[PDB]
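K.L.:
So I've got this experimental structure, pasted below with the sequence.
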Amino acid sequence: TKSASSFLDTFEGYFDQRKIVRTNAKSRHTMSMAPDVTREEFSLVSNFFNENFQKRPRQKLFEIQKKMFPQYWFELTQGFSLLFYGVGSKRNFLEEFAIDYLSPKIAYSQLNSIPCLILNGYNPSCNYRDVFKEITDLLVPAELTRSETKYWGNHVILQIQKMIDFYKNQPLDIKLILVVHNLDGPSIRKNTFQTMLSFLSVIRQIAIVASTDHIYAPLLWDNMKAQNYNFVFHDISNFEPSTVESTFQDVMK
Amino acid sequence: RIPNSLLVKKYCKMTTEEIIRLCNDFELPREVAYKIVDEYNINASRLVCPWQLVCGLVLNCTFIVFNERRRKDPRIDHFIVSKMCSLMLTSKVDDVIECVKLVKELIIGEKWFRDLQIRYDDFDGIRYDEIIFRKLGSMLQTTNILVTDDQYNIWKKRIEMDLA
Amino acid sequence: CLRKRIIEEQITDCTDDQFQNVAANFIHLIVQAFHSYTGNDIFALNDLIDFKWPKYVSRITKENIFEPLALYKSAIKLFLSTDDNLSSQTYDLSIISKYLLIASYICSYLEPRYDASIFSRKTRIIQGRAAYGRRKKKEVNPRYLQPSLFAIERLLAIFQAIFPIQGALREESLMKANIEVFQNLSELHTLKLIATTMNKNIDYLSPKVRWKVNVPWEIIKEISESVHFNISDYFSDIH
Amino acid sequence: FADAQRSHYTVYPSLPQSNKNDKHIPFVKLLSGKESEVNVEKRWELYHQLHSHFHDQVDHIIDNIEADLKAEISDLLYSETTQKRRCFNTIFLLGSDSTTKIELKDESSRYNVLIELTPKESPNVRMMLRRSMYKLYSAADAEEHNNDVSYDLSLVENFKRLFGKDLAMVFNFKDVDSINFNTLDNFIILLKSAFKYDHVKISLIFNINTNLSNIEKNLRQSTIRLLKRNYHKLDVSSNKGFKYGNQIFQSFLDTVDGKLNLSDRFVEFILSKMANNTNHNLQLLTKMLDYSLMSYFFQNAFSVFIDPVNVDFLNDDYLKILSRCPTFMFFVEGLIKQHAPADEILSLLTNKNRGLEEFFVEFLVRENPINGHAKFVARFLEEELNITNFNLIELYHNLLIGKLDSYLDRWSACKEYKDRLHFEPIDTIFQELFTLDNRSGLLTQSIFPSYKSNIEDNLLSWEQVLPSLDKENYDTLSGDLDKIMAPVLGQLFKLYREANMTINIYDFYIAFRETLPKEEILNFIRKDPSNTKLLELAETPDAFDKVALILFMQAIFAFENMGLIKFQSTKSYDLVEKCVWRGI
Amino acid sequence: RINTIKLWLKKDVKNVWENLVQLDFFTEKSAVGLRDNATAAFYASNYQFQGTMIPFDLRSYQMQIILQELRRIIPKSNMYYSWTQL
């Protein structure tokens, strides 16, 4: 009604809805005339509608896709990384998949459990040097010697390359499960973090279980990043209310 | 003069009697006819030709009301499109193939399409318990390299009469 | 290479003057042939003399050492063109990356208002009007300048307009942008063929980072020749 | 709580000590839960035998391309001189990704160092020089078995009197298309003055991932004429000269020789996806073939019958499954239509289990060599005919279709051999349980998905992801809401699709406000027994708008970090811009 | 108008173009030269300028010697001397 579009969404829907609208046909209405609320009325009706609008169909959907878990463990143990794109929060999926299901099954099969490094990549305070500090005490690799370090190089990338050539002479058992939430988040989409996380997925002895939120996500990875990940993509879009992450972002009036 | 086609004539006046005749040609039920003639009230002025939208409607809302009828034989799958190709005075079947594609995204998130696809459990041809395991990429999905379980026994029953 | 040519050709009518005169004549030939090319630089003449010397000794046969003119008429091929470059095909890229380079070349030289007159081709069902196009052809030739800056949705829209047909009613043959299109687009950004506003360590996933091509026309014509895409009639309404 | 507010919290999951079962393999019970556990164990061990036999050949090919490449480069790196003797050797490695190790020979009384250089290791000329002379002094003073020098070309000047050996440094620029050429020709100019020192031998090795008309367009012409003194080119790419696609696809047939078959659609999908990617194809070959194998042994129970010892575990459900193959239907229709024996088709139709149970085990001695004859066509084209520009995958595709003669006449070089290179094969009954295939779109959905299209489809239609229910409505909190009301963030997208390019957020809110039920949600909002705050706002005479703005603003600030909405006009954030269109 | 002048192709006018920036007849668009102190010549040695990452024949150069000053210094017995007027 408020769009005079002849076509709808294709390339000609792009070319058709990008017209030029005059100054009187426009509707300059500020959102001040929207009926203002408090922060606590939002905070109340939000957490009401999260778990009381489509709660049983969403639990039905999670039980539908919860019998998919042995295929995820099979794909992880055969070398691939996993990537869970979709509408809604994939957070509790990976918290109920990697903690509950996956590492008990990995720990039994090679006979404490298998360490799970969760990584809240929707938090913009996500440096890769303290994350790699957290990797280098769950594996504790060797140090960078004088000949193998270079003239003012990056020590993290050289250490991961040293771990890569170390773990070609090793048994193939999962030693860590690295659970990245919102892999294209605002401090992890940058290039050296992705070089780190792409060189970590070269190692067979670590299972990467990632998740994305943005829609132009796959152009973060070229023929070198998408080859060292070797993702397998799984649309597990489950329409979650996504209220763990929205406390980080601005909910400004 | 002979007619070339019927989905050519621009701004031909179409009343609801022709639309309900075209709906009762395909034996489509009441609650889909009372959406096909009620949508014509909505977009009537902005119509370059009203023998394309009503033409594509009665194959888009025909494939969703008779979905289980098509799964046993592919003869009805050609029967409805050939009936529409000869009812629209058209020699080329491709021009009514393009009709449902041009009208299909015009009604994709419509209301009556939304609660009419669940009524027959169509969900673009393949039902819900077969498509929710196809969106997740499950290796335990039903690929059609065999024949369907209710179809093998009816393949068996057409053999006992060819020997007795 | 000359002192083996004098015995390969059985040349006995020679002395040291008969070598140094053809040497000085060759140097004068490179000078009067290539001085308008180089300039007054000894270094750009030294290497031309080093290049074109044995291909000039390979043209003396039995009596070109006595005359100065039919030897120059026996080697006129190496005194017209310089032949200094490092030399078939154009680029060893994929098909969708070549069409992505072509579409990024199109959208960063075309004004964004005039594309619904060049690419919009499908039959309407609703009352709408297409783009009329530009009235007057501007003869400033925009593809001499620096390119423009576009959003990635315009590249993906022009990409599926110019793409050839692929793939009987459930195909929907108009190719959508899968993983491989985005992966090849990021590969083109890595190979510095499409490029952007280089802020230091820019995020690709922002609605404020716009893209541009930085390959010239002379390789885009060879690319559009390789995939056989008529691109000469895309900039026909400018010159 | 407050653990999802700090980045990288590691978590050790505690575990129950034992459950004492065989659940150490992911292979579920197939045949709708009728399979035996020993067959699942044999299926897992059989898949691992096949996967190990494949990857032990893939690793030898992948570690043989390096022994071919180190043999290739180190022959035109040496064994040649130039009469000018004041030039550096130059090797342009075309199409190569920077992934190769270079070996330098003995050549005693002369050091040979390799100085790898990177676009991160080169922000200007002085860091290139300091890193290069640092690597030179390190790889000179550590290959000797004591003062500190400055890292510039003076070490190259007095390398003869510092150590006693002649220098031969071989530079190696890793991503030559990614360095500044303005820094690179400055470095080449700065290296050119090393010619006057009579004990050096500079060699340059360029790893180019594009064509050579894009390197000699960006360089300066004097550097190009310096590089035209002793230059060689070398095409290093695994698509040139199809030898490593004719050794990965050849070795995949050596694992499936007789047990499995490949479909037509599968090999043409391989050819379509290997041609839309040029840089790495020896990896996109293996990660399609392995994922084809993994979706087979996870799905096909009859994989346990690809070994000729498990022939006796034909239960009743296997006989149900194999009977409804359409090739067997074509065979039984053949047994009807040519002649009429009654009591054999009456046996093998539905009654006799022993005839069908023993009939299938005859169908495994058959071979019908597709991949047993294709190696003969490969050896004929390589050895007797000497044509090394053929593709085994595409030749195998045409041999599988049957139009192989067109592909053999594509060269017009073997006209006297179109009978010798001919083979017309047929189908063997029960192929269609033993074929690697893609007719469900599985290798498409989970290796190369239409990502943005799937996101938009789940945003728009949403009934293919959320169920509809018919019993669980009264014990719930929202039973009548799943049928009359679309989910917010999936309802707002229906208005986002048919909006303009500039969407006023107040009009985008009003269009969302009048697509909600009014007389249902004002009854629904008073349902909670515990809290008391949610009911008093329903006692306010403007409840519907104050509950509508919460859901609208939640959906808007949920779309925004997904990528569909750009807030233009900062310090206003009132007029959003649609920036993702469906179908593209 | 007419024995002539050989038109050199754009594969050989590149060397001429580079020889007229190594004689300072063209500058770039806003490129400052040598910096004043030693740190500002270091702070810019780590910067990667946009005028050197774009292709060669699109760098927006700038004249050192205008056409009026070119008119009076070229001798009037030249075959391009009429072309210095505008």
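P.N.:
Ah, there it is. Numbers count the residues shown, from 1 in each chain, chains lettered A, B, ... in the order given.

K.L.:
Please identify the residue of chain E positioned nearest to chain A.
P.N.:
Nearest to chain A, among the residues of chain E, is residue E:46, at 12.6 Å (Cβ to the nearest Cβ). In short, each C-beta sits where N, CA and C put it, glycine included.

K.L.:
would that residue count as being in a strand?
P.N.:
No: counting by DSSP: H, G, I helix; E, B strand; the rest coil, residue E:46 falls outside a strand, being coil.

K.L.:
show me what contacts it?
P.N.:
Applying Cβ atoms under 8 Å, 6 or more residues apart in numbering or on different chains to residue E:46 gives the contacts D:123, D:124.

K.L.:
what separates it from chain B, distance-wise?
P.N.:
47 Å (Cβ to the nearest Cβ, to the nearest Å).

K.L.:
neighbours around residue A:133, how many?
P.N.:
The burial count assigned to residue A:133 is 12, neighbours taken as other Cβ atoms under 10 Å in any protein chain shown.

K.L.:
Provide the secondary structure category for it.
P.N.:
Applying three-state DSSP to residue A:133 yields a three-state assignment of helix.

K.L.:
Same check on residue D:232?
P.N.:
Once three-state DSSP is applied, residue D:232 turns out strand.

K.L.:
Around chain B, which positions in chain C sit nearby?
P.N.:
Counting by Cβ under 8 Å from any Cβ of the partner chain, chain C comes close to chain B at C:122, C:123, C:124, C:125, C:126, C:127, C:128, C:168, C:169, C:170, C:172.

K.L.:
between the residues you listed, which is closest to chain A?
P.N.:
Chain A lies nearest to residue C:128 out of the residues of chain C next to chain B, by Cβ to the nearest Cβ, at 2.4 Å.

K.L.:
Report the spatially nearest residue to the residue in chain C that chain D sits nearest to, omitting neighbours in sequence.
P.N.:
Here chain C gets closest to chain D at one residue, residue C:207, 3.8 Å apart by Cβ to the nearest Cβ. Spatial nearest neighbour of residue C:207, excluding adjacent residues (Cβ to Cβ, 6 or more residues apart in numbering or on different chains): residue D:566 at 3.8 Å.

K.L.:
Beta-bridge partners for that neighbour, please?
P.N.:
Residue D:566 has the following beta-bridge partners by DSSP bridges: residue D:577.

K.L.:
That one and residue C:160: what is the separation?
P.N.:
Distance from residue D:566 to residue C:160, counting by Cβ to Cβ, to the nearest Å: 22 Å.

K.L.:
Ok, residue A:245 next?
P.N.:
Residue A:245 is 32 Å from residue C:160, by Cβ to Cβ.

K.L.:
same check, this time on residue D:14
P.N.:
Look at residue D:14 and residue C:160: by Cβ to Cβ, they are 51 Å apart.

K.L.:
which of the two has more neighbours?
P.N.:
Of the pair residue D:14 and residue C:160, residue C:160 is the one with more neighbours under other Cβ under 10 Å, namely 20 against 9.

K.L.:
Can you name the residues in contact with whichever strand or helix holds that one?
P.N.:
Using DSSP states H and E, residue C:160 falls within helix C:152-161. Helix C:152-161 has contacts (Cβ under 8 Å, 6+ apart) with A:10-11, A:14-15, A:216, A:219, C:99-100, C:103-104, C:106-107, C:112, C:115, C:119, C:174-177, C:181, C:185, C:211, D:579-581, D:584.

K.L.:
Work out the gap between that helix and the centre of the chain.
P.N.:
24 Å (Cα atoms, centre = their mean, to the nearest Å).

K.L.:
Give the next helix or strand downstream of the helix or strand encompassing residue C:26.
P.N.:
Applying DSSP H and E as the criterion places residue C:26 in helix C:17-33. Using DSSP H and E, the helix or strand that follows helix C:17-33 in sequence is helix C:42-51.

K.L.:
and the helix or strand containing residue B:86, how far from the chain's centre?
P.N.:
Using DSSP H and E, residue B:86 maps to helix B:75-87. Chain-centre distance of helix B:75-87: 10 Å, with Cα atoms, centre = their mean.

K.L.:
And chain D, is whichever helix or strand comes after it touching that?
P.N.:
Note on helix B:75-87: by DSSP H and E, the next helix or strand toward the C-terminus is helix B:94-104. No: contact of helix B:94-104 with chain D (Cβ under 8 Å from any Cβ) is absent, the minimum separation being 11.4 Å.

K.L.:
close to chain D, is stretch A:63-83?
P.N.:
Yes: using Cβ under 8 Å from any Cβ, stretch A:63-83 reaches chain D at A:64, A:70, A:71, A:73, A:74, A:75, A:77, A:78, A:79, A:80.

K.L.:
Name the residue of chain B that lies nearest to chain C.
P.N.:
Nearest residue of chain B to chain C, counting by Cβ to the nearest Cβ: residue B:46, 4.0 Å away.

K.L.:
what residues are up against the closest residue in space to that residue that isn't next to it in sequence?
P.N.:
Excluding its sequence neighbours, the residue lying closest to residue B:46 (Cβ to Cβ, 6+ apart) is residue C:127, at 4.0 Å. Going by Cβ under 8 Å, 6+ apart, residue C:127 touches A:6, B:45, B:46, B:47, B:48.
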